[PDB]
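Asks: okay, here's the opening piece of the assembly, coordinates as they are in the complex:
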Amino acid sequence: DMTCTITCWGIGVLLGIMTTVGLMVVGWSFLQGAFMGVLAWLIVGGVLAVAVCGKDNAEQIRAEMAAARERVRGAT
Amino acid sequence: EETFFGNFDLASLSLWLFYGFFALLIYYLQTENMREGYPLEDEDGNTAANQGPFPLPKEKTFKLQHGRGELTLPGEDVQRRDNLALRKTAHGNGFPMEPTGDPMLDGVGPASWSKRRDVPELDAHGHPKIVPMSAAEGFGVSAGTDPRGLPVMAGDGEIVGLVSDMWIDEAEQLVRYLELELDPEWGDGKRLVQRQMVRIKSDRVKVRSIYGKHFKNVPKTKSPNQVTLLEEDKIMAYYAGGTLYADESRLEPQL
Amino acid sequence: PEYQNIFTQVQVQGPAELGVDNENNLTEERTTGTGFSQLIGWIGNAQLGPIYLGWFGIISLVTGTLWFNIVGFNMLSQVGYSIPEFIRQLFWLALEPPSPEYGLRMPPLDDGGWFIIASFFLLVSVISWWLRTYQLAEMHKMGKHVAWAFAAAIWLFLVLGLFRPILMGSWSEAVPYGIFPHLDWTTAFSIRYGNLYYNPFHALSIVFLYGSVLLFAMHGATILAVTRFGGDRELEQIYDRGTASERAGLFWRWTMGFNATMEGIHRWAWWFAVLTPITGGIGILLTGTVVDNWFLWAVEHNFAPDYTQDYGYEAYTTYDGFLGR
C-alpha cells in the first residue's frame, strides 16, 4: 500500500498544475497561480493518502478487529 | 589605534598566533591517525627503510565492556592473515599480485576478510545483537514488501532456492541478513545474504554479484541462532568478491 | 544496478525502546509515551520520543517562548493589530535595536527597551540549554565533546550580540530580530567597514566552512560504499578492526596519498566544524575596534590587486550600438 500513497501524491501534483492554468485564465500571473497550485498539491494529496489509503482492505477482518477493540475498552 | 612596529598591529599578532596554533593542531591530527597499520613494510613483508616525516604516537588504552579486557594502541597486528595464496608479478615494489588458486575460496583481493574475534557482537544487556526473526518477540513487517517465501534468482538468471527467514538487529530495529534454503540441485543447507546486496521485487529477490554455481560455497555459520564477527566478515567478503571474480569479462577492461 | 542503500526495502517494528540506565536514575525524569512514523523510517529510525525533562530544559523553553512572544506581539502591534497585513508583511517586520544616541544606557521602551528585555530572556534560554547538554553527558558517563562544540557557536553568538556592543560603547551595534531586516544588517555591516572579503579571519572562516561541507560529502559517501561490509557499525570497527575500515582507508590512500582511521576521521570533522565560529568571532571582534577599512588595510599590507584597463561603458561600446539603432 505504498503504491496507493504514491498514486495519491501524483493526483495532487496534477491538480496543482491545473490550478495554475485556471488562475491564469482568470487573470493571475504564473507565480501567483503556482503558489496556490503547490498548496493544492500538498493539502489535497496529503489528505487523500491518509483517508483513501487508510480505508485498507479487510472485510470481516475489519469487523472482528473493531469488535475486539471494543473489548479492550470496557476493562481499560 | 597604534602599531607595535612598522605595520604590525593587533590583527597581525592574532593572525600569526593562529598560524602557530594551526600548525600544532595539524601535527596533532596527523599523529592521532597513525594508530593502525604502522610501521610500514615492503612487498616482501620486511620493514621498509622509509617511515615518513611524522613519528608514531604514544599509547592509549580502551576499557571494553562485558569483561572483554583492554585494548592498547598502537600495538601488534592481531587481525593479520597467515597464509595467503598470492604470487608476486615482479621482483621489486609497486606491481600487482596474482592469485595462486581460486580467489573466491582463498579470500584474496576483493574477497579478502580480516581475522576478527570469534564471538558475536553484544547489545547493552549482554545478549547477541543479531537474531533470526522467528525468535524475536514482538517483531513484524510494518512497511514495504515482505520477502519471506519468494524465490531467489542469481546473477546469470537461475533460481537457487527460497527465502525462509530474516535476521534482524533488535536494538536498532533493522534487518541485517536474509536466510536462503537451497534446492538440492544447487547445494544443501541454508545460507545468508547481507541486506545491502539484494533487490526485493514483487515476485522475486535478485542477487547480481554471484552466479548460481557459486551458491554452494558461501561460508556457513556454526550455530543456527547466532553468528560471530569472523563469520560475518567471511560471508560479506565472499559476496563482495563476485563483483570482480564471477565472470572473466568482469575482470578484463570494459573499454 | 546494484542496491544503493538510500532507502530501506522493508521495515520491521517491535516494542519501543525506553533507554539505558545506571545509578543516576534517568528514568525518573523521562516522559512516558512514544510513536512511530513510517514516512521517516524510509531514511532513518521510525520511533518518536521519549524525551528527558530537567530544570535546565524547562527554564530554557519558558524563557525562549517569552522572547518569541515579545517580538511577535511587538511586530503585531506595529501593524495596528491587523492579522491579514501581519501575514502579508511577516518577512519584512522586525524588533529594532536602540538608537545610537543612547549609548549603553537604558533606552525608552519605544526605542529599544523591549529589545533589551527580550535579549536578556534569549540569553538566559541559550545558556540553560548548554548546561543541559553538559549535565546529560555527565549523567550518561560520556565525554563532553557535544557541549564544547555547542560553546564554539555560542562564542560567535555572544560576540555578535554582547561583547562587541560593549567594547564599542553602544547597544545600537546589535542585530535586529527579523528575516529580511537581519540580512540588510549583514550587507550594511560589510559596506560600512570597507569590504569584508579582505578581512583575513573572514577568509579563514570561509575556508573552514567549505572544508566541513566537503568532508561530509566525502565521509557520507565513503561510509555508504562500505555498508556491504558492515561499515555503519563504527564503534565496533574501532574496538575490533574489520575489512570495511581497511578498504575505506585504502581507497583514500590510493587516491590522495594519505588516509585516516575509523576513530580519527571524526576528530578531523569535529575540528573543521568547530573552527568556523571561532575564527569568525575573532574576525568580527576586530572590526571597528581596531580596523576601520579592510580594503585600505589590504592595500597597506600588499595583497590588493591592481587593474590596468579603464572604467566606463563608452571605453568599450556606444549607447546607440547597445540598443541596435
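Replies: Cool, the structure landed. Residues are numbered from 1 along each chain as shown, chains lettered A, B, ... in the order given.

Asks: What separation do you get for residue C:2 and residue C:111?
Replies: 65 Å (C-beta to C-beta, to the nearest Å). For the C-beta atoms, the positions are set from N, CA and C on the backbone; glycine is no exception.

Asks: Also residue A:63?
Replies: From residue A:63 to residue C:111 the distance is 69 Å (C-beta to C-beta).

Asks: who has more neighbours, those two?
Replies: Legend: neighbour count by other C-beta atoms under 10 Å in any protein chain shown for residue A:63 and residue C:111, higher for residue C:111 (14 against 10).

Asks: Quick one: residues contacting that one.
Replies: Neighbouring residues of residue C:111 by C-beta atoms under 8 Å, 6 or more residues apart in numbering or on different chains: C:98-99, C:102.

Asks: quick one: the helices in chain C?
Replies: Along chain C, the stretches classed as helices by DSSP state H are C:55-78, C:83-88, C:113-140, C:145-158, C:164-168, C:181-192, C:200-225, C:234-239, C:243-256, C:264-285, C:294-300, C:319-323.

Asks: Using JSON lines, lay out the ones you listed together with mean neighbour count.
Replies: Below are the helices of chain C laid out as JSON lines (neighbours: other C-beta atoms under 10 Å in any protein chain shown):
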{"stretch": "helix C:55-78", "mean neighbour count": "16"}
{"stretch": "helix C:83-88", "mean neighbour count": "11"}
{"stretch": "helix C:113-140", "mean neighbour count": "17"}
{"stretch": "helix C:145-158", "mean neighbour count": "16"}
{"stretch": "helix C:164-168", "mean neighbour count": "15"}
{"stretch": "helix C:181-192", "mean neighbour count": "13"}
{"stretch": "helix C:200-225", "mean neighbour count": "15"}
{"stretch": "helix C:234-239", "mean neighbour count": "17"}
{"stretch": "helix C:243-256", "mean neighbour count": "17"}
{"stretch": "helix C:264-285", "mean neighbour count": "20"}
{"stretch": "helix C:294-300", "mean neighbour count": "17"}
{"stretch": "helix C:319-323", "mean neighbour count": "8"}
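
Asks: and chain D, same structure:
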Amino acid sequence: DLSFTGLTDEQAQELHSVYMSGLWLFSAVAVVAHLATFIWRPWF
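Replies: Placed with the earlier chains, chain D looks like this:
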C-alpha cells in the same frame, strides 16, 4: 449481511436516527439566520 465496522443493522438504524435528529436542528437555525440576514440586507 455486509459490515466493515462491526456494527449490526439495529445499531446502524439507532445511530442514524440520532444523527438525523441532530442534523435537522442545525439546518433550522441556519434557515432562521438566513431569513434575518435577507431581511436586514437582501442579495437577490
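
Asks: Quick check: buried residues in stretch D:6-18?
Replies: Within stretch D:6-18, the residues scored as buried using 16 or more other C-beta atoms under 10 Å in any protein chain shown are residue D:6.

Asks: and the residue nearest the centre of chain A, helix, strand or coil?
Replies: For chain A, the residue nearest the mean C-alpha position is residue A:48 (1.3 Å; C-alpha atoms, centre = their mean). Three-state call for residue A:48 (DSSP: H, G, I helix; E, B strand; the rest coil): helix.

Asks: Please name the residues that touch the closest residue to chain B within chain D.
Replies: Relative to chain B, the nearest point of chain D is residue D:4 (22.8 Å; C-beta to the nearest C-beta). By C-beta under 8 Å, 6+ apart, residue D:4 lies in contact with A:59, A:62-63.

Asks: follow-up on the earlier one: since we're on the closest residue to the residue nearest to the centre of chain A other than its chain neighbours, how many residues are nearby?
Replies: Nearest non-adjacent residue to residue A:48, counting by C-beta to C-beta, 6 or more residues apart in numbering or on different chains: residue A:8, 4.4 Å away. Residue A:8 has 19 neighbours, counted by other C-beta under 10 Å.

Asks: Now residue D:5: which helix or strand?
Replies: Residue D:5 is part of no helix or strand when elements are defined by DSSP states H and E.

Asks: Number of residues surrounding it?
Replies: 11.

Asks: close enough to count as contact, it and residue A:65?
Replies: No - using C-beta atoms under 8 Å, residue D:5 makes no contact with residue A:65, being 10.1 Å away.

Asks: what helix or strand does residue D:11 sit in?
Replies: Per DSSP H and E: helix D:9-40 holds residue D:11.

Asks: How about that helix and chain A, touching?
Replies: No - Helix D:9-40 lies out of reach of chain A by C-beta under 8 Å from any C-beta of the partner chain, never closer than 11.3 Å.

Asks: onto the same structure, chain E please:
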Amino acid sequence: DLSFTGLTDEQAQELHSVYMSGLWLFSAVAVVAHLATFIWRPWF
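Replies: Following on from the chains above, chain E is added here:
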C-alpha cells in the same frame, strides 16, 4: 448496546447533564455580555 469508548449507558447521562449545565451557564454569561455591548455601541 454500542460503545466505542468503554462507558455504559447510565454513565454517559450524568456526564451529559453536567456538561449541559456548564454550557447553559457559559451561554447566559455570553448573552448578558452581548446585550451590554449592543447597548454601549450598536452594529446593526
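
Asks: since we added chain E, can you redo the buried residues of stretch D:6-18?
Replies: So stretch D:6-18, judged by 16+ other C-beta under 10 Å, has buried residues D:6-7.

Asks: Closest residue of the stretch 51-200 of chain C to chain E?
Replies: Counting by C-beta to the nearest C-beta, the stretch 51-200 of chain C gets nearest chain E through residue C:81, at 17.8 Å.

Asks: For that residue, grab the count of nearby residues.
Replies: Neighbours of residue C:81 using other C-beta under 10 Å come to 10.

Asks: same question, residue B:28
Replies: 12.

Asks: How about the helix holding residue D:11 and chain E, any contact?
Replies: Yes - using C-beta under 8 Å from any C-beta, helix D:9-40 comes into contact with chain E via D:11, D:14-15, D:40.

Asks: would you turn the residues you listed into TSV with distance to residue C:145?
Replies: Rendered in TSV, the data for the residues of helix D:9-40 next to chain E read as follows (distance: C-beta to C-beta, whole Å):
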residue	distance to residue C:145
D:11	61
D:14	64
D:15	60
D:40	70
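
Asks: and of the residues you listed, the nearest to chain A?
Replies: residue D:11 (11.3 Å).

Asks: didn't that closest one look like it was pressed against residue E:4?
Replies: No - using C-beta under 8 Å, residue D:11 makes no contact with residue E:4, being 10.9 Å away.

Asks: Secondary structure of residue B:36: a strand, I assume?
Replies: No - counting by three-state DSSP, residue B:36 is not found in a strand; it is coil.

Asks: Let me see the contact set for residue C:64.
Replies: By C-beta under 8 Å, 6+ apart, the contact set of residue C:64 is C:121-122, C:125.

Asks: ditto for residue B:175
Replies: Taking C-beta under 8 Å, 6+ apart, we find residue B:175 in contact with B:166-169, B:195, C:9-10, C:12.

Asks: again, 6 Å this time
Replies: Shown in contact with residue B:175 (C-beta atoms under 6 Å, 6 or more residues apart in numbering or on different chains): B:166, B:168, B:195, C:12.
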